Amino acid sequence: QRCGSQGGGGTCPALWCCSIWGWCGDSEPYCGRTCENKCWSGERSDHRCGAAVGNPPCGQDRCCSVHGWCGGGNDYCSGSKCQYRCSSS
């Protein structure tokens, strides 16, 4: 899926990272050094996530729980406990 200034301005599904080349992913090429948006580095200082705080990203191997907190592991990342960037599932 395309996204970003190169892809047309779409947002990635499950709010994944849009690389600078305009493609969606969740690995370093997309989320680290060559990320354009919803980058690992864009996680709020307070680590909250969700619609309440405008759907910000979470860092590497961290997901946005359904309670609105970024963090890692099943409790944040496994289905129904996870709202986006889910990665455990």
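Heads up: residue numbers just count along the shown sequence, starting at 1.
- Look at the mean CA B-factor for 69-77 and for 17-25 in the entry; the higher one is 69-77.
- In the deposited entry, the Cα temperature factor of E36 sits in the bottom third of values across the chain's modelled residues.
- The deposited CA B-factor of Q1 belongs to the highest third of values across its chain.
- The PDB entry assigns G54 a C-alpha temperature factor belonging to the highest third of its chain's modelled residues.
- Looking at the C-alpha B-factors along this chain, the one for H47 belongs to the middle third.
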